[PDB]
Amino acid sequence: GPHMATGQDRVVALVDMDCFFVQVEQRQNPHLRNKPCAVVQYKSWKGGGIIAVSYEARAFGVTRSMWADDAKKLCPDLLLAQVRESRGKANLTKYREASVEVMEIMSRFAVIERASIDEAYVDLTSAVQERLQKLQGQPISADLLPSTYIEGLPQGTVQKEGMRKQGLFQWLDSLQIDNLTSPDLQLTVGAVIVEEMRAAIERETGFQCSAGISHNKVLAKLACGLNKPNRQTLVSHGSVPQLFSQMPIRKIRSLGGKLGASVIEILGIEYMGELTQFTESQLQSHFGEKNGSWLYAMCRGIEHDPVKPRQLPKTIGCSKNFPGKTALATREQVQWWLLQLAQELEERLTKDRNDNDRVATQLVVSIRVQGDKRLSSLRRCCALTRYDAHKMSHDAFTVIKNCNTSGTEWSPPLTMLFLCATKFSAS
DNA sequence: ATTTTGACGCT
DNA sequence: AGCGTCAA
Ligand SMILES: Nc1ncnc2c1ncn2[C@H]1C[C@H](O)[C@@H](COP(=O)(O)NP(=O)(O)OP(=O)(O)O)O1
Ligand SMILES: [Mg+2]
Ligand SMILES: [Mg+2]
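FYI, the numbering for the first sequence is -2 to 153, 160 to 410, 413 to 432, going by the deposited numbering.
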């Protein structure tokens, strides 16, 4: 009772851009706005591969990883924007730069953890304390939460905005605004700040986003997706038993792969809430000490992973697949594509050094061989001493060249090349 | 022929 | 170090 931790110490938000690459292209090209639209990479093979889909297009069944030719069968009027191609490969610079726009706005409000190209976690605990001091017991108006859903409410009129407002009203009517240590009040103030953040993002970039507000990263991430697009969702500690009672295990971040499948198989359960019926030692016995403790706390809504102070990526990488009959089968091919990758990498590294006062010191070279189901077949490192594309490509070849069984020829043919600059030091 | 990334874990 | 997992 009085010594049971409840995981209510922090206010954490997750902000994730809505159909991000599509919005970047729609800002640039007004003809694409408010249309069924997708972003594709490459075009020769089946029209290209879709990597982002507007919500209008999702209504037709268009999804990521679909070939555009196949998406056009579902949505004949689908509009397409193509990823830039430079040096023979897709180049994501436009979206990285748009990401920086958004991350720099968010960083004005609080320390952020860049979690992907289009999302960041925010630790709002201190900002909420400050705002609560400023508010001096004044109640929080629903007008301050115009796009917020309270998960689990209303409980106890047939249109969606009416439901949202009814739930928000029940929540606010129940708040105890005279207790500055109240976790529910802290989350509510967090949601007010996130409304302000999302308004600033939209005003200053044109991009819309969704957000989750809760007490930790996992719940914030889960909350964000509950009411996408262009809305934010507050998941309180008290909402967790009902929310988790029908929540498939695979929906929780880090449980969407083999571990989550093993939880389901070994324990014979389906939903996150069912995990509460195992001891911490039972869970550690099946899934290891770290995983077992994490699962024991997480199924009760408790997680302690900190929002890390890091808004810049830790690595800068360049990769290209060579599928099917395009797999590289000659030495000259391997060297030419290593040079293309190294030239893009040099451009990005030079910009990074100027912008961010740091230098990479290690070059990682990865390759996939034809037939291997693993993303990487072989990874080798060497020193990155000069931002020089010819030197980087020559070193990468030196480091991988003895994987060739025999040849001028390369066997088995290479289905992927990957260069990654790592181990940054201040400069 | 689901591509191009990027973080973190294990041994 | 090099390989594996999970993820957007
Ligand atoms: N598997 C993949 N391969 C390549 N790029 C990918 C990708 N998954 C995502 N991207 C790129 C393209 C995506 O636009 C961007 C952000 O990914 P999301 O946040 O998962 N999806 P979005 O923002 O589009 O939609 P919403 O969040 O509203 O559901 O990252
Ligand atoms: Mg997104
Ligand atoms: Mg995302």
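Even for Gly, the Cβ is constructed at its ideal location relative to N, Cα and C.
Residue i beta carbon near ligand 2 (any heavy atom closer than 7 Å)
{"i": "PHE17", "result": "yes"}
Ligand 1 heavy atom lying under 7 Å from the CB of residue i
{"i": "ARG61", "result": "yes"}
{"i": "residue 438", "result": "Shown here, the chain extends from -2 to 432; a query on residue 438 therefore has no answer."}
{"i": "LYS231", "result": "yes"}
Residue from the options whose Cα sits closest to the Cα of residue i
{"i": "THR333", "options": "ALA431, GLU127, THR413, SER113", "result": "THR413"}
{"i": "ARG351", "options": "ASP120, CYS425, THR208, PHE247", "result": "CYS425"}
{"i": "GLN135", "options": "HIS393, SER265, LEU188", "result": "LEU188"}
{"i": "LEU225", "options": "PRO251, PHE17, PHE210", "result": "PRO251"}
{"i": "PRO151", "options": "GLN38, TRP64, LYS168, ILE196", "result": "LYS168"}
{"i": "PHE429", "options": "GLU347, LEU278, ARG361, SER380", "result": "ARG361"}
{"i": "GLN25", "options": "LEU286, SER432, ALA78", "result": "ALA78"}
{"i": "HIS307", "options": "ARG7, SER284, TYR39, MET1", "result": "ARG7"}
{"i": "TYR274", "options": "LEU381, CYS302, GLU207", "result": "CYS302"}
{"i": "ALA107", "options": "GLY320, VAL372, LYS311", "result": "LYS311"}
{"i": "residue 158", "options": "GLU207, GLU199, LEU378", "result": "No coordinates exist for residue 158 in the structure shown, because the numbering of the chain passes directly from 153 to 160."}
{"i": "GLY228", "options": "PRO(-1), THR3, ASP13", "result": "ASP13"}
{"i": "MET1", "options": "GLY304, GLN285, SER41", "result": "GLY304"}
{"i": "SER432", "options": "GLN5, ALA363, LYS131", "result": "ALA363"}
{"i": "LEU132", "options": "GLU116, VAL195, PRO186", "result": "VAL195"}
{"i": "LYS40", "options": "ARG30, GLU82, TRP415, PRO27", "result": "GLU82"}
{"i": "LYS317", "options": "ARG356, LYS293, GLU292, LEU342", "result": "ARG356"}
{"i": "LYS43", "options": "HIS397, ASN31, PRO27, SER62", "result": "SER62"}
{"i": "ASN359", "options": "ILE319, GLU116, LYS394", "result": "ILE319"}
{"i": "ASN219", "options": "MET395, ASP120, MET100", "result": "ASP120"}
{"i": "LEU258", "options": "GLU116, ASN294, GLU283, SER239", "result": "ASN294"}
{"i": "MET100", "options": "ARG313, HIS397, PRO(-1)", "result": "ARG313"}
{"i": "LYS404", "options": "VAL337, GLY327, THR122", "result": "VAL337"}
Cβ shell of residue i (< 8 Å), same chain only, five flanking positions each side left out
{"i": "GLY374", "result": "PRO417"}
{"i": "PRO33", "result": "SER51, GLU53, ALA54, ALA56, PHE57, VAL59, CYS72, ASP74, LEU75, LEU76"}
{"i": "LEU270", "result": "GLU277, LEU278, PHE281, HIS289"}
{"i": "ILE272", "result": "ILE252, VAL266, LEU278"}
{"i": "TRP340", "result": "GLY85, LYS323, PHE325, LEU331, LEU422"}
Beta-carbon proximity of residue i to residue j, cut-off 8 Å
{"i": "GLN245", "j": "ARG201", "result": "no"}
{"i": "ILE114", "j": "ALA203", "result": "no"}
{"i": "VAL367", "j": "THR427", "result": "yes"}
{"i": "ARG111", "j": "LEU315", "result": "yes"}
{"i": "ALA399", "j": "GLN365", "result": "no"}
{"i": "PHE290", "j": "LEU278", "result": "no"}
{"i": "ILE48", "j": "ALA68", "result": "no"}
{"i": "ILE137", "j": "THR90", "result": "no"}
{"i": "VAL19", "j": "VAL80", "result": "no"}
{"i": "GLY193", "j": "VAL125", "result": "yes"}
{"i": "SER296", "j": "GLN285", "result": "no"}
{"i": "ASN230", "j": "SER242", "result": "no"}
{"i": "residue 158", "j": "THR3", "result": "Coordinates for residue 158 are lacking, as the chain steps from 153 to 160 with nothing built in between."}
{"i": "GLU164", "j": "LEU237", "result": "no"}
Spatial neighbours of residue i in its chain, beta-carbon cut-off 7 Å, leaving aside the 5 residues before and after
{"i": "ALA223", "result": "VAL9, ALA10, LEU11, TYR118, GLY215, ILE216, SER217"}
{"i": "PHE172", "result": "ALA139"}
{"i": "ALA264", "result": "none"}
{"i": "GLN346", "result": "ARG84, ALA392"}
{"i": "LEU183", "result": "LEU129"}
{"i": "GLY410", "result": "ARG334"}
{"i": "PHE247", "result": "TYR274, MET275, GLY276, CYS302"}
{"i": "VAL221", "result": "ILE255, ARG256, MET301, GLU306"}
{"i": "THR353", "result": "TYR390"}
{"i": "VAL21", "result": "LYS91, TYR92, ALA95"}
{"i": "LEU175", "result": "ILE137, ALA139"}
{"i": "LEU378", "result": "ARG371"}
{"i": "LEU142", "result": "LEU171, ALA194, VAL195, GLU198"}
{"i": "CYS406", "result": "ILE370, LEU381"}
Residues near residue i in its chain [Cβ-Cβ closer than 6 Å; skip 5 each side]
{"i": "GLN211", "result": "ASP15, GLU205, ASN233"}
{"i": "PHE423", "result": "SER322, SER369"}
{"i": "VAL402", "result": "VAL368, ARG383, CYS385"}
Could you name the residues whose beta carbon sits closer than 5 Å to any heavy atom belonging to ligand 3, keeping them in chain order?
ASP13, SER113, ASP115, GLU116
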